[PDB]
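Single-structure report; data block below.
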Amino acid sequence: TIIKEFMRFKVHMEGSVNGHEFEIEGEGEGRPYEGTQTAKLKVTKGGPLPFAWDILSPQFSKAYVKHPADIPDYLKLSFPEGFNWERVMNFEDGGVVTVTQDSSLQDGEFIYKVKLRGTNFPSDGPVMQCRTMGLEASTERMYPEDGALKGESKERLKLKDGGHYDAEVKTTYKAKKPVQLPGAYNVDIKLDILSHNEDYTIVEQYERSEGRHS
């Protein structure tokens, strides 16, 4: 009854990257049980951003992961109260991003609130010079620990020169109430930028995410 086959969301992000402050507002929609979703993001303060969109793209929706019947869908089951998540991304050149997120259901729509901080990106590296061109498909290795659901992934940002620029990502996902946890499993993720204006103050992205066993 609570999570319909088709669901919209609204997202607000406040962030700082290498001391550059910004805000983003977005609107998304998708099919939670099919693991598909699309979002349109607008930079509302601090635009245009002087860094790679690709470090922000993974911060804009874990209710939209397709799960087999036998793996508890902890994050869908958390609604209507919802869940929080805390992420650390460690980039190979010493850049660090921390993210905190609150997910709730209000008036039939998911409501996302994101706070992000990025530091220690080299001024001449691929993030601050915008030399990335999207993310490779990734796998998030999920496991229960300390009464929460944790995830680890390796993100590979595509380089204008054909190589990759990598990050180690660790996320802890906590339902607001006690919700049945799964065992360990894998989530395959593919995030695509569909469109953007020339300065990436308007961006459309899509993600397909599906859970499976180890």
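Lettering and numbering for the structure tokens are positional, with chains as A, B, ... in the shown order, residues counted from 1 in each chain, and ligands counted from 1 in the shown order.
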Region 44-137 of chain A: which residues are strand (DSSP E) by DSSP, as a PyMOL selection string?
-> chain A and resi 44-45+83-91+96-106+109-119+132-135
Residues just named, written with N, CA, C and O atoms as a compact mmCIF listing (two decimals), in the first residue's frame:
```txt
# COMPACT_ATOMS: atom_id res chain seq x y z
N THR A 44 20.76 25.72 -7.78
CA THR A 44 19.93 26.89 -7.39
C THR A 44 20.80 27.95 -6.68
O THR A 44 20.39 29.12 -6.71
N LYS A 45 21.95 27.57 -6.10
CA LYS A 45 22.94 28.52 -5.51
C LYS A 45 24.36 28.04 -5.77
O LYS A 45 24.64 26.83 -5.75
N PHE A 83 14.49 6.45 6.46
CA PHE A 83 15.85 5.99 6.82
C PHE A 83 16.79 7.15 6.66
O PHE A 83 16.40 8.18 6.05
N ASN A 84 18.00 6.99 7.17
CA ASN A 84 19.11 7.92 6.95
C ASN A 84 20.29 7.14 6.38
O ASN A 84 20.42 5.92 6.64
N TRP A 85 21.22 7.83 5.73
CA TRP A 85 22.49 7.21 5.34
C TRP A 85 23.65 8.19 5.50
O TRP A 85 23.43 9.42 5.51
N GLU A 86 24.79 7.64 5.82
CA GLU A 86 26.04 8.42 5.99
C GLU A 86 27.07 7.77 5.09
O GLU A 86 27.26 6.54 5.22
N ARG A 87 27.71 8.54 4.22
CA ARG A 87 28.65 8.01 3.26
C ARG A 87 30.01 8.71 3.41
O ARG A 87 30.03 9.92 3.65
N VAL A 88 31.06 7.95 3.16
CA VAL A 88 32.45 8.39 2.96
C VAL A 88 32.97 7.90 1.62
O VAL A 88 32.91 6.69 1.33
N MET A 89 33.41 8.82 0.78
CA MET A 89 34.09 8.49 -0.49
C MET A 89 35.55 8.94 -0.41
O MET A 89 35.77 10.17 -0.28
N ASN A 90 36.50 8.01 -0.56
CA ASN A 90 37.96 8.27 -0.54
C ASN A 90 38.51 8.12 -1.96
O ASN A 90 38.53 6.99 -2.53
N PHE A 91 38.90 9.23 -2.56
CA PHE A 91 39.39 9.23 -3.96
C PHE A 91 40.90 8.98 -3.96
O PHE A 91 41.56 9.32 -2.96
N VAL A 96 38.29 13.70 -0.53
CA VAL A 96 37.36 13.05 0.43
C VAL A 96 36.01 13.74 0.29
O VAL A 96 35.96 14.96 0.29
N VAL A 97 34.96 12.94 0.15
CA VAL A 97 33.57 13.44 0.22
C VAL A 97 32.87 12.71 1.38
O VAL A 97 32.91 11.47 1.42
N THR A 98 32.23 13.48 2.25
CA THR A 98 31.26 12.96 3.24
C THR A 98 29.86 13.42 2.86
O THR A 98 29.64 14.57 2.38
N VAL A 99 28.90 12.53 3.05
CA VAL A 99 27.47 12.83 2.73
C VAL A 99 26.57 12.30 3.83
O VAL A 99 26.82 11.18 4.32
N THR A 100 25.55 13.06 4.19
CA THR A 100 24.48 12.67 5.13
C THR A 100 23.15 12.93 4.44
O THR A 100 23.03 13.92 3.69
N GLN A 101 22.24 11.98 4.60
CA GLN A 101 20.98 11.99 3.82
C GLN A 101 19.83 11.51 4.70
O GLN A 101 20.04 10.55 5.49
N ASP A 102 18.69 12.19 4.61
CA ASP A 102 17.44 11.80 5.26
C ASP A 102 16.42 11.53 4.17
O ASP A 102 16.27 12.37 3.27
N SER A 103 15.79 10.36 4.23
CA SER A 103 14.75 9.93 3.27
C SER A 103 13.47 9.73 4.06
O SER A 103 13.48 8.99 5.05
N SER A 104 12.39 10.36 3.64
CA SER A 104 11.06 10.24 4.27
C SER A 104 10.00 10.14 3.17
O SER A 104 10.31 10.36 2.02
N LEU A 105 8.79 9.73 3.54
CA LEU A 105 7.60 9.73 2.65
C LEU A 105 6.59 10.72 3.23
O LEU A 105 6.28 10.60 4.44
N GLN A 106 6.21 11.72 2.44
CA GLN A 106 5.28 12.80 2.88
C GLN A 106 4.30 13.02 1.73
O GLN A 106 4.78 13.29 0.63
N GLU A 109 4.90 11.15 -1.68
CA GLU A 109 6.15 11.46 -2.42
C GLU A 109 7.35 11.19 -1.49
O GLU A 109 7.31 11.54 -0.30
N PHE A 110 8.43 10.63 -2.00
CA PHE A 110 9.69 10.56 -1.20
C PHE A 110 10.31 11.95 -1.10
O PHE A 110 10.28 12.73 -2.06
N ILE A 111 10.82 12.27 0.07
CA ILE A 111 11.48 13.57 0.34
C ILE A 111 12.92 13.26 0.74
O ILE A 111 13.08 12.55 1.72
N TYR A 112 13.89 13.75 -0.01
CA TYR A 112 15.32 13.55 0.25
C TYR A 112 15.96 14.88 0.64
O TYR A 112 15.84 15.90 -0.08
N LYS A 113 16.72 14.83 1.72
CA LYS A 113 17.54 15.98 2.19
C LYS A 113 18.97 15.50 2.29
O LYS A 113 19.22 14.58 3.11
N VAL A 114 19.88 16.14 1.56
CA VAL A 114 21.31 15.74 1.41
C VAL A 114 22.21 16.89 1.88
O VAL A 114 22.00 18.04 1.46
N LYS A 115 23.25 16.56 2.64
CA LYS A 115 24.35 17.48 3.00
C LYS A 115 25.63 16.85 2.58
O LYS A 115 25.83 15.68 2.88
N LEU A 116 26.46 17.57 1.85
CA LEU A 116 27.68 16.99 1.26
C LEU A 116 28.84 17.94 1.49
O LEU A 116 28.65 19.18 1.44
N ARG A 117 30.01 17.37 1.73
CA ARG A 117 31.26 18.16 1.88
C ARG A 117 32.37 17.40 1.20
O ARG A 117 32.65 16.24 1.55
N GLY A 118 33.04 18.08 0.28
CA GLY A 118 34.20 17.56 -0.43
C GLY A 118 35.43 18.41 -0.13
O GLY A 118 35.29 19.64 -0.14
N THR A 119 36.55 17.77 0.14
CA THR A 119 37.81 18.47 0.48
C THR A 119 39.01 17.76 -0.11
O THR A 119 38.93 16.59 -0.48
N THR A 132 36.22 14.44 -15.95
CA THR A 132 35.53 13.13 -15.84
C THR A 132 34.39 13.09 -16.84
O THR A 132 33.82 14.15 -17.16
N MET A 133 34.00 11.90 -17.27
CA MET A 133 32.86 11.79 -18.22
C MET A 133 31.99 10.57 -17.91
O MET A 133 31.70 9.69 -18.78
N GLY A 134 31.53 10.53 -16.68
CA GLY A 134 30.52 9.57 -16.24
C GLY A 134 31.11 8.46 -15.41
O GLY A 134 32.30 8.42 -15.23
N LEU A 135 30.25 7.62 -14.86
CA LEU A 135 30.66 6.51 -13.96
C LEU A 135 30.53 5.19 -14.73
O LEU A 135 29.55 5.02 -15.48
```
For residue 183 (chain A), list every protein, DNA or RNA residue within 10 Å, evaluated using only C-alpha atoms, and leave out those in the same chain fewer than 5 positions away; present the list as an NGL selection string.
-> :A and (71-72 or 142-145 or 149 or 213-214)
For region 155-186 of chain A against region 49-62 of chain A, with a cut-off of 10 Å and counting only C-alpha atoms, what is the closest atom pair and its distance in Å to one decimal for every residue that makes the cut, ordered by chain and number, as a tab-separated table?
```
residue	atom	partner	partner_atom	distance
A:155	CA	A:58	CA	9.6
A:157	CA	A:54	CA	7.2
A:158	CA	A:54	CA	9.2
A:167	CA	A:55	CA	9.6
A:173	CA	A:62	CA	9.3
```
Have a look at CA of residue 130 (chain A) and CA of residue 198 (chain A) and let me know their distance in Å, one decimal.
->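 Between CA of residue 130 (chain A) and CA of residue 198 (chain A) the gap works out to 12.4 Å.
From CA of residue 67 (chain A) back to CA of residue 176 (chain A), the distance works out to 20.5 Å.
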Judged by only C-alpha atoms, the minimum distance to residue 181 (chain A) among A:156, A:12, A:42, A:150 is found for A:150
Quick one: of A:80, A:48, A:94, A:122, who's nearest to residue 107 (chain A), counting only C-alpha atoms?
-> A:80
Backbone-only DSSP, alpha helix (DSSP H) members of region 2-139 of chain A, as a ChimeraX atom specification | /A:74-77
Any idea what's packed within 10 Å of region 25-40 of chain A, counting only C-alpha atoms, ignoring anything in its chain fewer than 3 positions away? Could you give it as JSON, numbers by chain?
-> {"A": [3, 4, 5, 6, 7, 8, 9, 10, 11, 12, 13, 14, 43, 44, 45, 60, 61, 62, 63, 64, 65, 66, 67, 68, 73, 76, 109, 110, 111, 112, 113, 189, 190, 191, 192, 193, 194, 195, 196, 202, 203, 204, 205, 206, 207, 208, 209, 210, 211]}
For residue 154 (chain A), which residue among A:141, A:168, A:82, A:127 is the nearest when counting only C-alpha atoms?
->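 Going through A:141, A:168, A:82, A:127 one by one, the smallest distance to residue 154 (chain A) is for A:168.
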Go ahead and compute the interatomic distance for CA of residue 108 (chain A) and CA of residue 201 (chain A), in Å to one decimal.
->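 A separation of 27.8 Å between them.
With only C-alpha atoms as the atoms that count, the minimum distance from residue 197 (chain A) to the choices A:2, A:41, A:24, A:17 is reached by A:41.
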Compare A:159, A:75, A:175, A:184 by their minimum atom-to-atom distance to residue 140 (chain A), counting only C-alpha atoms, and give me the closest one.
->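 Nearest candidate to residue 140 (chain A) out of A:159, A:75, A:175, A:184: A:184.
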